[PDB]
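Peer 1: Chains as they are written, first to last, in the entry's author numbering: chain A, 3 to 256; chain D, 3 to 256; chain C, 2 to 256; chain B, 2 to 256.
By construction, the Cβ of each residue, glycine as well, lies at the ideal position given by its N, Cα and C atoms.
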Amino acid sequence: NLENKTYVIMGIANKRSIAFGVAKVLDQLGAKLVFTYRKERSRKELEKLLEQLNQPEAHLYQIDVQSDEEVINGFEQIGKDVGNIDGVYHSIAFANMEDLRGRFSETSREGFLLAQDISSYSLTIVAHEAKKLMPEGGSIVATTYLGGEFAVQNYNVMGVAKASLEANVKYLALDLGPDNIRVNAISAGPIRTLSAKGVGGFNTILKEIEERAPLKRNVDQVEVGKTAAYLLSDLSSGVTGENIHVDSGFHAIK
Amino acid sequence: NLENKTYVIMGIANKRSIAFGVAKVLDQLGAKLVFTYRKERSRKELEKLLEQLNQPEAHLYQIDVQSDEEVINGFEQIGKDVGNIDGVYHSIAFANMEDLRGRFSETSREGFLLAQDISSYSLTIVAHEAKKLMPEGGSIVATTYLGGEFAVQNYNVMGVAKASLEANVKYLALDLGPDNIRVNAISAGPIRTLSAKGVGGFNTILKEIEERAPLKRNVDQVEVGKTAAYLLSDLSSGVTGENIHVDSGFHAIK
Amino acid sequence: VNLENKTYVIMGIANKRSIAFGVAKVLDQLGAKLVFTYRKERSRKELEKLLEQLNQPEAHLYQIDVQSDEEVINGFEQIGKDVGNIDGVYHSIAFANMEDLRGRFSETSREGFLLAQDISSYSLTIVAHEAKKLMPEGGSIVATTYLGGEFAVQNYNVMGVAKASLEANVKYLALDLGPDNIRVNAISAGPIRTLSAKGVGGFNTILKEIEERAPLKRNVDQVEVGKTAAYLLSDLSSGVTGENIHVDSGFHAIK
Amino acid sequence: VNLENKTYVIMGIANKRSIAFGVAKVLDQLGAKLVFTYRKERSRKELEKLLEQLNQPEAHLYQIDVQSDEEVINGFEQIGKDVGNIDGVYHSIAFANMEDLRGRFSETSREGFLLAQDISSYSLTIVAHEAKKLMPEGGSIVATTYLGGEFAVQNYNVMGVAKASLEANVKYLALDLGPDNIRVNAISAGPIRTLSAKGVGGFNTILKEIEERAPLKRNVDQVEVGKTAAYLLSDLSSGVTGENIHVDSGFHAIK
Ligand SMILES: NC(=O)c1ccc[n+]([C@@H]2O[C@H](COP(=O)([O-])OP(=O)(O)OC[C@H]3O[C@@H](n4cnc5c(N)ncnc54)[C@H](OP(=O)(O)O)[C@@H]3O)[C@@H](O)[C@H]2O)c1
Ligand SMILES: NC(=O)c1ccc[n+]([C@@H]2O[C@H](COP(=O)([O-])OP(=O)(O)OC[C@H]3O[C@@H](n4cnc5c(N)ncnc54)[C@H](OP(=O)(O)O)[C@@H]3O)[C@@H](O)[C@H]2O)c1
Ligand SMILES: NC(=O)c1ccc[n+]([C@@H]2O[C@H](COP(=O)([O-])OP(=O)(O)OC[C@H]3O[C@@H](n4cnc5c(N)ncnc54)[C@H](OP(=O)(O)O)[C@@H]3O)[C@@H](O)[C@H]2O)c1
Ligand SMILES: NC(=O)c1ccc[n+]([C@@H]2O[C@H](COP(=O)([O-])OP(=O)(O)OC[C@H]3O[C@@H](n4cnc5c(N)ncnc54)[C@H](OP(=O)(O)O)[C@@H]3O)[C@@H](O)[C@H]2O)c1
Ligand SMILES: Oc1cc(Cl)ccc1Oc1ccc(Cl)cc1Cl
Ligand SMILES: Oc1cc(Cl)ccc1Oc1ccc(Cl)cc1Cl
Ligand SMILES: Oc1cc(Cl)ccc1Oc1ccc(Cl)cc1Cl
Ligand SMILES: Oc1cc(Cl)ccc1Oc1ccc(Cl)cc1Cl
Ligand SMILES: N[C@@H](CCC(=O)O)C(=O)O
Ligand SMILES: N[C@@H](CCC(=O)O)C(=O)O
Ligand SMILES: N[C@@H](CCC(=O)O)C(=O)O
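1. Within the chosen definition, does the segment 207-220 of chain C reach the segment 191-208 of chain B through at least 3 CB pairs nearer than 8 Å?
2. Give the single residue among A:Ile87, A:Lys46, A:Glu42, A:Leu55 whose Cα lies nearest to the Cα of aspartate 66 of chain A.
3. Under 9 Å, CB to CB, which of the residues in the segment 134-162 of chain B have a partner in chain D?
4. Is there a C-beta anywhere in chain C that falls below 8 Å from the one on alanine 95 of chain D?
5. For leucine 31 of chain D, I'd like the list of residues in its chain whose CB is within less than 7 Å of its CB, leaving aside the five on either flank, ordered along the chain.
6. How about residue 268 of chain B: is its Cβ closer than 7 Å to a heavy atom in ligand 4?
7. Taking 8 Å as the threshold (beta carbon to beta carbon), is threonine 229 of chain B in contact with chain C?
8. Determine, for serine 166 of chain D, whether the minimum Cβ-Cβ distance to residues of chain C falls below 8 Å.
9. Between the segment 234-254 of chain C and chain B, which residues of the former have CB atoms less than 8 Å from a CB of the latter, in chain order?
10. Measuring only between beta-carbons, confirm whether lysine 34 of chain C sits less than 8 Å from chain A.
11. Return yes when the C-beta of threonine 229 of chain A is under 7 Å from any heavy atom of ligand 1, and no when it is not.
12. Return the first residue and the last residue of the beta strand (DSSP E) that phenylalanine 37 of chain A is part of.
13. So, does the CB of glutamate 213 of chain B fall closer than 8 Å to a CB anywhere in chain C?
14. For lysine 134 of chain C versus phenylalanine 96 of chain C, is the C-beta spacing smaller than 8 Å?
15. Taking only beta-carbon atoms, is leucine 208 of chain A less than 8 Å away from chain B?
16. For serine 19 of chain D, would you say it is in contact with chain C, using Cβ-to-Cβ distances shorter than 8 Å as the test?
17. On the premise that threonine 195 of chain B lies in contact with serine 44 of chain B, defined as a C-beta separation below 8 Å, what is that separation, rounded to the nearest angstrom?
18. From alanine 169 of chain D to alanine 175 of chain B, what distance separates their C-alpha atoms?
19. Is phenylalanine 152 of chain C a contact residue of ligand 9, with contact defined as CB to any heavy atom under 7 Å?
20. Is the separation between the beta-carbon of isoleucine 87 of chain A and that of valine 10 of chain A shorter than 8 Å?
21. Determine the contact status of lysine 172 of chain A and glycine 113 of chain A, defining contact as a CB-CB distance below 8 Å.
22. Output the residue ranges of the beta strand (DSSP E) runs that lie fully inside the segment 55-124 of chain D and measure 3 residues or longer, sorted by chain position.
23. Kindly indicate which residue of B:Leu55, B:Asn245, B:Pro216 has the alpha-carbon position closest to the one of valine 248 of chain C.
24. Shorter than 7 Å, the distance from the beta carbon of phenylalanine 114 of chain B to the closest heavy atom of ligand 1, or not?
25. Taking the C-alpha atoms as reference points, what is the distance between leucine 51 of chain D and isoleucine 120 of chain C?
26. Could you give the C-beta distance for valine 226 of chain A and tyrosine 157 of chain A, rounded to a whole number, given that I count them as a contact under 8 Å?
27. Could you name the residues of chain A that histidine 130 of chain B contacts, counting a contact when the two beta carbons are closer than 8 Å?
28. Compute the beta-carbon to beta-carbon distance between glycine 161 of chain D and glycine 149 of chain D, rounded to the nearest angstrom, for a pair I have assumed lies under 8 Å.
29. Helix, strand or coil for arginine 45 of chain D, going by three-state DSSP, please let me know.
30. So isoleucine 127 of chain A and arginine 184 of chain A are supposed to be a Cβ contact under 8 Å. How far apart are they, rounded?
31. Shortest alpha-carbon distance to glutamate 108 of chain B belongs to which of A:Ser124, A:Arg103, A:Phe106?
32. According to DSSP, is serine 197 of chain B part of a helix, a strand, or is it coil?
33. What do you get for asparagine 186 of chain D, buried or exposed, if any count of 16 or more other CB atoms within 10 angstroms of its CB means buried?
34. Taking the alpha-carbon positions, what's the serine 239 of chain B to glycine 85 of chain D distance?
35. Our contact map puts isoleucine 188 of chain C next to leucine 233 of chain C with C-beta atoms below 8 Å; I'd like the distance itself, whole angstroms only.
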């Protein structure tokens, strides 16, 4: 039960976003939620999607995590509007398709660095600013993919960005542990989202999970959301620096 | 919320057992619980301990996991007394004391095979017998230790038994996944228990966590029990073949 | 790499396809003196034939069934008397019963699970304890494992749990014996057609998966395992212990 | 091994304590022709002097700042015209600001994080791309990493995240270049006293902890890394790619 808790959820674009799965679970459990977005179009979808939740009010903030000033001023404004928070769900990544759909060895410098910036460094800075609203401690979750742990076909520059993200969770866990702030990752199996359309071969990845993964089915956004609830709540006290695979067991087989 | 769930908890020795932590938590959450014990000092005991739970009956079964008959007939009888169950917590391990200190290279064949038998194979047979009481699926959790993933001083033969136990979980996840049975582990940090006494140099292990783990503190039986409630329930539906460290982040640092 | 004036015990040659025969060819070619141990007289007869291919001036052949403490103990002690001190051991030994290597893992019998642990894991422990007696200036023990020890692979079943156990055994041995200057390491070999692979269900589809999906897009062979064994058993790998090197065309690194 | 008529590019020698210099000595002793790349004009001066300890009859020194594509592109092209085709590249390059290193990880600057990614991880990718043009029959590329890429190590901070990225870069390149018969691997070296180690807070307690706790109970040295490099760069390691070999006295394997 999450009444009297407040979570910031970053990275909803539409109803298929993984962070909307998180939102529904946390809302169902009585949490107060605050949302962040980059594009106008995403604020618009948030304004619509809120009509399905129980949030008595829209708490929406534009934060493009490429900008320090936006991350810093964003969280400062959230603190002024709703007070201290209990956690952050981070559901944000980006890379160019021009890099993704080429050979990994042909990745450009600007594109490799773009992916690191949005997909990994953004957690470091978000945690830094979020820490200020968690003086009694709290919980931070980021979303990763098994391509951070192994070389998967076509995932390419994003796989290197996710490896970087998973180490970021571990170094943040260590840094922020004494402040009673836990930092963890969920490694989600493939789910049809707007961003999935950038991963070449995506339907093939879905089919391989059904045919090979222990549970012989794909996961969805609500399943990622239920494990987020566990990680953002006191149910997972003691658990930090961990990568929980919500992927029908695919990580465990070869 | 676990009202109308039933869980078999194996491995309570006394008020300090990790499995009793698990029991208080599932009991608080409204589960019907069933308990197995090895021998008749644990029983007398057990009976007294359960006045602290809201269990309105005492369902207790002797099962020494070294005997097929006892496991086969114990789950059979459980099945007859309470019907289908929703999951199994396995909290059971053993090795000879001489082996948990001094030199791993001097371990006896008998001592090595005894630790494998009780600490690893017992999950395979308990799984096979429990599956019979879970026609619509369910959840199996075992308790391991970092010494199954890394060589740790003194833990010696039990570390090889936990390596084996951790694979056991993965192979059972693969096998039982189509039957909708999830199989996972919780890698607990060190906890002062009756069995901890037999681990060479336990007190130093304890202190190392406080000094070096991200949370700078040790965990307890109830923090294990909370992650057990997660893994035993539908919050973790997308999760199988997994090992969750409830160890203050220790597993993530070096 | 030159291994003249080194001496290596190789355990688990059955025939010309054995992984340990790849190791033997490579070590022998590098000038090492080799001692071979076998379980069945048929393997000894095979060893006698296979030696005529190697440069070894003599046959050092010992029957050691690793289920027997006395055979391991008396075998290594006899080896010490015939050749003196050794430089390392290549361990290439596993077993489980047929029925535990296809279909369903949850149905594994206690007897079959413990058999597999006994031969495929505990053997390395007692071998190392006895071999250590012949390595007073230090040396190098290598065991052979498979990717099924790290992940659940279809059909591998009880052997996978045996390999997990082997891989932790290597780590505990490494820690225990490091101060004696004995390194202990594993080679995680890719799938290779051998007599014992006839026991793994779906083995042909395993090979074919490697060709299609592994970074090098081809299978490995026994000599490539023997080349990494030469590195591990020699002074090139000083510093390296508790380590599991995958000779498998990259397959462990991909999903 | 046996590396005559092989040619390797070694990137990242600054002085006699550099890890890459340990690679150079081992490879040079094994008969390789070596080509050296540097950033600072002062590192070139050290090379010219370190080269008298070596059997290289010719000094092949090239300035390449891996921050600049132009420099990596023109550098390898020039190498190709001066020495023809090469057999492999040893990459020993990393960098991050002190000011980011010696602050709390959570206080890392965006610009210092991207700097460490750019020099210590991206550089392998572009190096691999340009070096492929000089390896039409295949070859081997080895990068240097540290345990702090796999676990959160006190003080290593932004470099830990750059090494994690570098270890993944290795696996993705292994996959991409495998069909070209180019293997790409990492060595995970234990702590070694070098100029760059001065940047790591608590470096001397890291050394002491290896001596007290690692299976071998001693630290490793640059030559030990060089010897595993010789294996990885040569045909002994055929079949090995996407791999991370810990040259660290076993420390990776214990907790
Ligand atoms: N779908 C899957 O199979 C899968 C599997 C595993 C992991 N993941 C991870 O899950 C996370 C969420 O992605 P998703 O699949 O749910 O796709 P999604 O719905 O497309 O969400 C991606 C989100 O990232 C945000 N974003 C990108 N760049 C940003 C920036 N500079 N500043 C702020 N926000 C930015 C986008 O916001 P705007 O649209 O406003 O630009 C969008 O809300 C990602 O980290 C992804 O890598 C996805
Ligand atoms: N405490 C820790 O720091 C630690 C850390 C990580 C993991 N673990 C794991 O947690 C689990 C529980 O241990 P614990 O620390 O809670 O110790 P514990 O209270 O002493 O529990 C051990 C239990 O195992 C039971 N058992 C032993 N052999 C058995 C057999 N042959 N058949 C049936 N039951 C048998 C014992 O029963 P009897 O008393 O009747 O003999 C006892 O109830 C173990 O698997 C252990 O390795 C412990
Ligand atoms: N082939 C592969 O794809 C592959 C892949 C990865 C790992 N491996 C591993 O490589 C190792 C060698 O197997 P292989 O494929 O080369 O098969 P192999 O030629 O059939 O060799 C197996 C050896 O194990 C010996 N053995 C079995 N039980 C023994 C016992 N109790 N005492 C002494 N020796 C015993 C056999 O000797 P006898 O015939 O005399 O009984 C035989 O020489 C094993 O650990 C295997 O698991 C194989
Ligand atoms: N020392 C250890 O304990 C340890 C342990 C594990 C891994 N490693 C790794 O080993 C590698 C070598 O470091 P080291 O310890 O040998 O220290 P080092 O002697 O200080 O070598 C570092 C080299 O990096 C080069 N470099 C930095 N930025 C560069 C750039 N932009 N372009 C081209 N070259 C650049 C330096 O060149 P200039 O001097 O010309 O600037 C220097 O030659 C690094 O990847 C390091 O992370 C070191
Ligand atoms: O990480 C992902 C993994 C998968 Cl299988 C599918 C979608 C993913 O998400 C992304 C993939 C590429 C880009 Cl450019 C951005 C995002 Cl959010
Ligand atoms: O696994 C354990 C790990 C730790 Cl740190 C402490 C206690 C543990 O539990 C055991 C240890 C030894 C034996 Cl013989 C039996 C059990 Cl239950
Ligand atoms: O470990 C192995 C892995 C593979 Cl892919 C192929 C063969 C293997 O070797 C064995 C397999 C089963 C048994 Cl009963 C004995 C051995 Cl020696
Ligand atoms: O990676 C390393 C690890 C260790 Cl233990 C010691 C030195 C290392 O090398 C570096 C450390 C910091 C910077 Cl700024 C640059 C380099 Cl080359
Ligand atoms: N059809 C795209 C794949 C993208 C997807 O399936 O989302 C390709 O393979 O080029
Ligand atoms: N054809 C049988 C034999 C096994 C094998 O070829 O290894 C199977 O695949 O089950
Ligand atoms: N003097 C540094 C240590 C630097 C080093 O040990 O290289 C400190 O702040 O600990």
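Peer 2: Quick look at the numbers:
1. no
2. Working through the first sequence from its first residue, we reach residue 66 of chain A at position 64. If we check each option's Cα against that of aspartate 66 of chain A, A:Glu42 comes out closest.
3. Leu148, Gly149, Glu151, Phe152, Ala153, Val154, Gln155
4. If you number the second sequence from 1, residue 95 of chain D lands on position 93. False, the Cβ-Cβ gap to chain C never drops below 8 Å.
5. Counting from 1 along the second sequence, the entry for residue 31 of chain D is found at position 29. Excluding sequence neighbours, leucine 31 of chain D sits near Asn3, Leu4, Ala231.
6. Nothing can be reported for residue 268 of chain B: it is not among the residues displayed for chain B, which extend from 2 to 256.
7. Residue 229 of chain B sits at position 228 when you count from the first residue of the fourth sequence. Cβ-Cβ to chain C under 8 Å: yes for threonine 229 of chain B.
8. In the second sequence, counting from the first residue as 1, residue 166 of chain D sits at position 164. Output row for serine 166 of chain D: interface = yes.
9. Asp236, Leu237, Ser238, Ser239, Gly240, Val241, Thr242, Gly243, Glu244, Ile246, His247, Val248, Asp249, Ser250, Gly251, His253, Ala254
10. In the third sequence, residue 34 of chain C corresponds to position 33, counting from 1. Not one chain A Cβ lies under 8 Å of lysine 34 of chain C.
11. Here residue 229 of chain A is taken as the residue at index 227 of the first sequence, counted from 1. No; taking the cut-off as 7 Å, the Cβ of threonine 229 of chain A has no heavy atom of ligand 1 nearer than that.
12. Taking the first residue of the first sequence as position 1, residue 37 of chain A is located at position 35. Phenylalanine 37 of chain A -> beta strand (DSSP E) spans 34-39.
13. Here the question's residue 213 of chain B lines up with position 212 in the fourth sequence. Output row for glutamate 213 of chain B: interface = no.
14. Counting from one through the third sequence, the residue named residue 134 of chain C turns up at place 133. Counting from one through the third sequence, the residue named residue 96 of chain C turns up at place 95. No.
15. The residue you call residue 208 of chain A lines up with position 206 of the first sequence. False, the Cβ-Cβ gap to chain B never drops below 8 Å.
16. Here residue 19 of chain D is taken as the residue at index 17 of the second sequence, counted from 1. No - not a single Cβ of chain C is within 8 Å of the one on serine 19 of chain D.
17. Here residue 44 of chain B is taken as the residue at index 43 of the fourth sequence, counted from 1. Here residue 195 of chain B is taken as the residue at index 194 of the fourth sequence, counted from 1. About 13 Å separates the two Cβ atoms, so there is no contact after all.
18. If you number the second sequence from 1, residue 169 of chain D lands on position 167. If you number the fourth sequence from 1, residue 175 of chain B lands on position 174. Cα-Cα distance, rounded: 27 Å.
19. Here residue 152 of chain C corresponds to residue number 151 of the third sequence, with the count starting at 1. No, since every heavy atom of ligand 9 falls outside the 7 Å radius drawn around the Cβ of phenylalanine 152 of chain C.
20. For the purposes of this step, residue 87 of chain A is taken as residue 85 along the first sequence, with counting starting at 1. For the purposes of this step, residue 10 of chain A is taken as residue 8 along the first sequence, with counting starting at 1. It is a contact, given that the beta carbons lie within the stated cut-off.
21. The residue given as residue 172 of chain A occupies position 170 in the first sequence. The residue given as residue 113 of chain A occupies position 111 in the first sequence. Not a contact, by the Cβ cut-off of 8 Å.
22. 62-64, 89-92
23. Position 247 of the third sequence, counted from the first residue, corresponds to residue 248 of chain C. Selected option, being the one with the closest Cα: B:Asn245.
24. As a first step, residue 114 of chain B must be located in the fourth sequence, where it is residue number 113. No, ligand 1 has no heavy atom inside 7 Å of this Cβ.
25. For the purposes of this step, residue 51 of chain D is taken as residue 49 along the second sequence, with counting starting at 1. For the purposes of this step, residue 120 of chain C is taken as residue 119 along the third sequence, with counting starting at 1. C-alpha separation (whole angstroms): 43 Å.
26. Along the first sequence, read from residue 1 onward, the residue named residue 226 of chain A stands at position 224. Along the first sequence, read from residue 1 onward, the residue named residue 157 of chain A stands at position 155. Incorrect: roughly 18 Å between the Cβ atoms, too far for contact.
27. Residue mapping note: residue 130 of chain B aligns to position 129 of the fourth sequence, counting from 1. Those are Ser107, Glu108, listed as they occur along chain A.
28. Locating residue 161 of chain D in the second sequence gives position 159, where the first residue counts as 1. Locating residue 149 of chain D in the second sequence gives position 147, where the first residue counts as 1. About 4 Å separates the two Cβ atoms, so the contact holds.
29. Position 43 of the second sequence, counted from the start, is the residue given in the question as residue 45 of chain D. The answer is helix: DSSP assigns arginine 45 of chain D an H, G or I state.
30. As a working note, residue 127 of chain A is residue 125 in the first sequence. As a working note, residue 184 of chain A is residue 182 in the first sequence. Their Cβ separation, rounded to whole angstroms, is 18 Å, which puts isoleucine 127 of chain A and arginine 184 of chain A out of contact at 8 Å.
31. For the purposes of this step, residue 108 of chain B is identified with residue 107 of the fourth sequence, where counting begins at 1. Nearest C-alpha to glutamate 108 of chain B: A:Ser124.
32. Mapped onto the fourth sequence, residue 197 of chain B falls at position 196. In the structure shown, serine 197 of chain B sits in a helix (DSSP, three-state: H, G or I).
33. One-based indexing of the second sequence puts residue 186 of chain D at position 184. With 16 or more Cβ atoms within 10 Å of its Cβ, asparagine 186 of chain D is classed as buried.
34. Within the fourth sequence, the letter at position 238 stands for residue 239 of chain B. Within the second sequence, the letter at position 83 stands for residue 85 of chain D. If you take the alpha carbons of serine 239 of chain B and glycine 85 of chain D, they lie about 57 Å apart.
35. Residue numbering aside, residue 188 of chain C sits at position 187 when the third sequence is read from its first letter. Residue numbering aside, residue 233 of chain C sits at position 232 when the third sequence is read from its first letter. With 8 Å as the limit, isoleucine 188 of chain C and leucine 233 of chain C qualify as a contact, their Cβ atoms being about 7 Å apart.
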